[PDB]
Peer 1: 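Pasting a structure below so you can have a look.
Letters A, B, ... are given to chains in the order of the sequence lines, protein chains preceding strands, and every chain is numbered from 1. All values below come from the heavy atoms of this structure, side chains included, with hydrogens, waters and symmetry mates left out.
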There are 4 protein chains.
Amino acid sequence: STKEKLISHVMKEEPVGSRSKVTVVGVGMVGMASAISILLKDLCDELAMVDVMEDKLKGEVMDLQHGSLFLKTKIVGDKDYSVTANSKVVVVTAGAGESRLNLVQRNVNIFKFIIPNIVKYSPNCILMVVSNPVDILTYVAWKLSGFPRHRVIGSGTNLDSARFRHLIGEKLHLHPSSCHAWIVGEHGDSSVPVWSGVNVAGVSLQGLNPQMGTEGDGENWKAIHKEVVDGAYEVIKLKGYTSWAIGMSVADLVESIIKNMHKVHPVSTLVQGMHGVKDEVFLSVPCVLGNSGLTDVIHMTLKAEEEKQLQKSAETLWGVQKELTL
Amino acid sequence: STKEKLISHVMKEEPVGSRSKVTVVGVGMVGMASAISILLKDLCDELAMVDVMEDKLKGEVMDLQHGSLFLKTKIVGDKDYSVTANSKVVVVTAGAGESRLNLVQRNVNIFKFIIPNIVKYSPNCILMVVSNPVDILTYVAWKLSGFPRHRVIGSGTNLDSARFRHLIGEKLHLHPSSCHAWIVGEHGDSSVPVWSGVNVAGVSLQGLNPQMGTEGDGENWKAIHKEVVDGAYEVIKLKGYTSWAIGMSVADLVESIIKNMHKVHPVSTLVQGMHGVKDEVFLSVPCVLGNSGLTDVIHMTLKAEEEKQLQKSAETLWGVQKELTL
Amino acid sequence: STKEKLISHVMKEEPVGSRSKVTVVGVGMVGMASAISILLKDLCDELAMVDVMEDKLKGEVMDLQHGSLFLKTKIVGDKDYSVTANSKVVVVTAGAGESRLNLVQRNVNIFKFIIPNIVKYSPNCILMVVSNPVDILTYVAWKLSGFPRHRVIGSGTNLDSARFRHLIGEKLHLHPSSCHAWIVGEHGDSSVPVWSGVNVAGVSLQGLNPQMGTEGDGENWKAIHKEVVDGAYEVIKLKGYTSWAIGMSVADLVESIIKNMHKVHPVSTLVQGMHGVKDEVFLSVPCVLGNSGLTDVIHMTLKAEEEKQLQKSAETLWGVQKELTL
Amino acid sequence: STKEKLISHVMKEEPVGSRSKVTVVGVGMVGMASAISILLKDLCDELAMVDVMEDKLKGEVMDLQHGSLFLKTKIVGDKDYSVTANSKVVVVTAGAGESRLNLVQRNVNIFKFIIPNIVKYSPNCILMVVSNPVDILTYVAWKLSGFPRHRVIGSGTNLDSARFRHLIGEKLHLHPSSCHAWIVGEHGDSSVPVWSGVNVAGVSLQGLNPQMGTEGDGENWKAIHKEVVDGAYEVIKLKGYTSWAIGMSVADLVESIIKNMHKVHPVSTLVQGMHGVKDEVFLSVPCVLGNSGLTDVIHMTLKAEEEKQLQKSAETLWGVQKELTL
């Protein structure tokens, strides 16, 4: 044949195979936005996709294969989980009148099928849980997977902190990366915007505006936080989905892991014994991320009323968790 | 306020404003895939979006604004075309039992509204036409815009040539960029896969397989070409749309223009007087692209039966064009 | 000829020419490290070099031209300053028993030849002064150039702040970008490490260690600062030059300008009227950078003894300046 | 301490350690240009340096450590080779009236110390030999290392082919990546510019100019080749060294290996049994590169007088080799 006339294999032993392999579970818009952001940034040597909707999957994966010229990653995708084998990272994005309990249980049924097959072909992978709710669901994945605490991570408040920095940048006319601000705790309505850490170039903003975040504030910084959390709702109440920002925040998280940067990200993780948290639950706090997974946590010096909010959420979170069939 | 306590403006004169501004017309999946690929690669200092579907637009643009932390481009989007002002590139992606004539006329009605508003706020912009059919539609945009030939470009056979190189890479187990092959002419069913230029490292493949592309071929290289053109149909017959590969091929085209690389891309452009083409029509041939737009065309040495295919398409293309209300 | 047989020019009007053009004045190791970092990161569409040592220049520029395949920038270099024409940014790196006064005057003689030729071919360029001393020398360039305050920038404490964040990252085992800390004022021995702004994820370090930076400190954070400033001396006392870190910090500064990011960098600029500074001198404070140049300055809330250090430096700086022949 | 108050380690087991580790042997300008290009492009998670000149080394490595903020790689450097442990790639750059025989033997003495220590801490590393002469020296490293053919690669004609494409781009006013041309065989004076493969967009140039490369050529294409090989000499006869282009060509080679791209590069490798080559020697031919190393070779269809040149070089190369003390 032509291939033979043209090429002679000069390697005796079997190829070592991919080494930065990432798998994205789920091909809804959140998976594809995660996948295309990962590919566009050259973060891994192989990207695998997986979902129960076989046709939808094959169309996504065929489409991305067709751009292989502008990329640097091998792309695979299949319904069988042997396609995900030997991943370093597995980003889980599969998802959901009705009760929160019960909406949670369904999402947990979904995880019951997925996790075992992931563990089966990627025993040493790091799980990065992305589907909502993320705090409880990272927990589910963690006990429902057997992995050591450090290999099970929830995306937590990463995007919201990003979104919070973006909104603060627009108010100030500064690029987002020059505005520093952190949102922690339970992702969504009950998250904690830590006003004492909001600074530009180490200059405390609350320092310049002591009422920042309170009812005495003449500039309604609290509404910015509310805007961050109403984020997904406003976008979906507009184009009927959310994806882009999340996908970019996923690739950001993944780059920190695969390049072993020891970078600090607000992500969801086991917080028992932090800030008075009694129960075994997951919440976002600043965490160190590398290729070992989540290696370290940062202890922010939180005021009493902020530790309190974190304790109340853990109770609400643990309320639901005790009701779960795992 | 806090901003004032913190920041003092030390520039007397008005800001010079964005200088690499790109606008993507249309927020279907092709526009967003073009937009997110452009943003992920840091290609411009401002990306603007525009579409008649105001709500859908605002949701897309709000979503991408929310990732501004991981990006380096200012993002705008509005229904009014003053938002597109001062673009360097305008990528047009808006689109369509029924006759091809009439499906074309509708797409041309769409262009009649769009083009004038684009020309109005970006008199010196380069148009890159992407919606199908692309050959006739780049033509429409060109006379319907008044721009000099070089500022009006059709994406032509860029992605298909890419897809062709990808498929050839999978057969050979080589990265796509090491397999060189060109598809020219009218985009779609009647395109020309130039077998004499198919090489790896300057080694002619047809040289090793003289029957390449013909009925005497023992390896059916012709079917690879057919696969490239059945591409969009197979993907859509699977996930119900196409986007990813096109978006990446758009950003590739845009990078070559904005960085002024004088790079060679197979794109659609005026071919009258090339290869015996009599009529005023657009087809893909290798073209030089820079920040001036499309500066040069390459004359491939085509065999007679390949010049013939290009002439027949131009007649079919000019058949439809003469019927158009412009 | 072959070119003609192969290519036909299809553009009637003159090319628009380069639009992100950067010029690096000086081909010592600092210029080349600036140039290669700028090129490796795709920041501009044309990089020009210039230096009085014609042969050395031509060898540097020929060498970088030879890698044009892995790059995306046009590369020029000449002794005549018409080669620098139409730059957006001009990074000035040309440089020097003896008195500081007199070492300064020589560097100022050097600037007297260079600046006028730069202004001549790039009337609207932004100057980024890099050679030491940088605070006085940015000043020299500014009055000796006629440009509005915002188009004249000194690299100030950018690298030192970077180096400070790197050293803090090694002590903490965190990536540099997760450790935030600022050094301001007069670059070198008398710079100010602002301990109140040193934080990881908004968590004040001085908050955890109240003695940070003082003689009561049980961890000698002051020595870290001293290490940052002894930086260039220790490296040169080892390999006989410094370049790499500076070059990377230059490209960082340049990217913020050319992509119009409105990002915050500690750079040297006019500080009269800031923090009790009476005299017309330049020092590093957090500054907003975009494609307009230096648009905004940040007012850090400095303690009295830190405003005092800045005032004393300005007097020492203005001591020398009043002695200069400009 | 502060670190403790701030950070709690939540990982029980030992970190997995770096996974894309590259080591550059040698801190002359070729090593640093290789190192800074590798770092600027985010290609590995750890870059190690090594050289017998301890002080020079420590100054280079300290300098690059100081830019860790703008980078994503951990940087190490030491005289002891345990610092190079667990590298995926080891780029060897250490180097040399007098005879070629004897200049070769000295370079081979140098390799005798280096190779064993490399093999000792990186038993499964891929060697990429860069120092001149490269063809014989890759050979030396190969038998003098014990590695399987595929883990021992010479940089061969990579840069020269790049330089050849750059020069062809300047003549044609096309970006280098759109001009395709290959130089093979023994690197330097006796290399083979394969005129039949010189094309733009699959269009044979020799096709348009049948005399290309010969004494009947009206455009002296042969002189372009001579210019490529006189490259290093002309640059050094100007600035007193060469580095930049080589460093960029090294990072290009390294990216293809670490991302497992299966990309085609003209590199030096065992050619016995190719094109009539009898002897055990190394020359450049198009080779497939991935994370397994050099997996495949391409058989170019060379005319008889081009196979002859390759055979004559192998004899000249094997002339010297038989004289070596290994």
Side-chain angles (χ1 to χ4, degrees), chain B residues 3-21 41-46 68 71-74 88 124 126 148-152 255-264 269-274 285-288 290-301, chain C residues 3-21 41-46 68 71-74 88 124 126 148-152 255-264 269-274 285-288 290-301:
Chain B
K3 178 186 186 302
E4 293 176 354
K5 283 173 194 287
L6 183 78
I7 311 183
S8 67
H9 201 76
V10 289
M11 179 174 74
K12 292 164 143 192
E13 76 153 89
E14 301 271 321
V16 302
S18 316
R19 294 166 159 178
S20 329
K21 192 189 174 163
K41 287 178 68 178
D42 318 320
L43 309 178
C44 63
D45 54 3
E46 187 180 321
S68 290
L71 308 165
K72 286 186 179 68
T73 312
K74 168 178 182 177
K88 290 300 144 68
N124 304 112
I126 300 161
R149 173 220 178 121
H150 68 96
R151 299 166 45 235
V152 180
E255 177 170 40
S256 265
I257 303 185
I258 282 139
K259 293 204 181 84
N260 193 216
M261 311 188 65
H262 316 285
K263 185 164 168 187
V264 180
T269 183
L270 181 54
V271 281
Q272 183 177 282
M274 287 181 77
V285 288
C287 297
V288 185
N291 67 11
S292 279
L294 197 155
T295 67
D296 293 307
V297 183
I298 298 307
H299 306 281
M300 315 175 81
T301 98
Chain C
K3 178 186 186 302
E4 293 176 354
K5 283 173 194 287
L6 183 78
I7 311 183
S8 67
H9 201 76
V10 289
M11 179 174 74
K12 292 164 143 192
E13 76 153 89
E14 301 271 321
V16 302
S18 316
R19 294 166 159 178
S20 329
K21 192 189 174 163
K41 287 178 68 178
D42 318 320
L43 309 178
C44 63
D45 54 3
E46 187 180 321
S68 290
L71 308 165
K72 286 186 179 68
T73 312
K74 168 178 182 177
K88 290 300 144 68
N124 304 112
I126 300 161
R149 173 220 178 121
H150 68 96
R151 299 166 45 235
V152 180
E255 177 170 40
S256 265
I257 303 185
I258 282 139
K259 293 204 181 84
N260 193 216
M261 311 188 65
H262 316 285
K263 185 164 168 187
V264 180
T269 183
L270 181 54
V271 281
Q272 183 177 282
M274 287 181 77
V285 288
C287 297
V288 185
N291 67 11
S292 279
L294 197 155
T295 67
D296 293 307
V297 183
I298 298 307
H299 306 281
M300 315 175 81
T301 98

Peer 1: Which heavy atom of B/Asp296 sits nearest to which heavy atom of C/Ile7, and what is that distance?
Peer 2: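 Looking at all heavy atoms of both residues, the shortest contact is CB-CG2, 3.4 Å.
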Peer 1: Quick one: what part of C/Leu270 sits under 4.5 Å from any heavy atom of chain B, side chain, backbone, both or neither?
Peer 2: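 C/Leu270 has no heavy atom closer than 4.5 Å to chain B.
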Peer 1: Pick from B/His262, B/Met274, B/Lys74, B/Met261: which one has the most heavy-atom pairs with chain C under 4.5 Å?
Peer 2: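 Heavy-atom pair counts peak at B/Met261.
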Peer 1: May I ask you to name which of B/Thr73, B/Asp45, B/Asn291 has the most heavy-atom pairs under 4.5 Å with chain C?
Peer 2: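 When all of B/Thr73, B/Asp45, B/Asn291 are compared, B/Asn291 has the most.
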Peer 1: Let me have the donor-acceptor pairs involving side chains of residues 12-21 of chain C, under 3.5 Å, with sequence neighbours excluded, atom names and distances please.
Peer 2:
from: C/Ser18; atom 1: OG; to: C/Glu46; atom 2: OE1; distance (Å): 2.5
from: C/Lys21; atom 1: NZ; to: C/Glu46; atom 2: OE2; distance (Å): 3.1
from: C/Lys21; atom 1: NZ; to: C/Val83; atom 2: O; distance (Å): 2.7
from: C/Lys21; atom 1: NZ; to: C/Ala85; atom 2: O; distance (Å): 2.6

Peer 1: On a heavy-atom basis, which atom in B/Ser292 and which in C/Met11 lie closest, and how many Å separate them?
Peer 2: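 Taking B/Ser292 first and C/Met11 second, the nearest heavy atoms are CB-SD, 3.6 Å.
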Peer 1: Could you check C/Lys5 against B/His299 for side chain to side chain contact (heavy atoms under 4.5 Å, CB included), going step by step and ending with a plain yes or no?
Peer 2: CA-CA 7 Å; C/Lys5 283 173 194 287; B/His299 306 281; over 6 Å; no
Peer 1: Which answer fits C/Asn124, side chain, backbone, both or neither, if we ask what part of it has an atom under 4.5 Å from a heavy atom of chain B?
Peer 2: neither
Peer 1: Please classify the contact between C/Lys88 and chain B as side chain, backbone, both or neither, with a heavy-atom cut-off of under 4.5 Å.
Peer 2: side chain
Peer 1: What residue in B/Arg151, B/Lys263, B/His9, B/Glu255 has the most heavy-atom pairs under 4.5 Å with chain C?
Peer 2: B/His9
Peer 1: Looking at C/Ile298, C/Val297, C/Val264, which hits side chain to side chain contact (heavy atoms under 4.5 Å, CB included) with C/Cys287?
Peer 2: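 Of all the options given, the one that passes is C/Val297.
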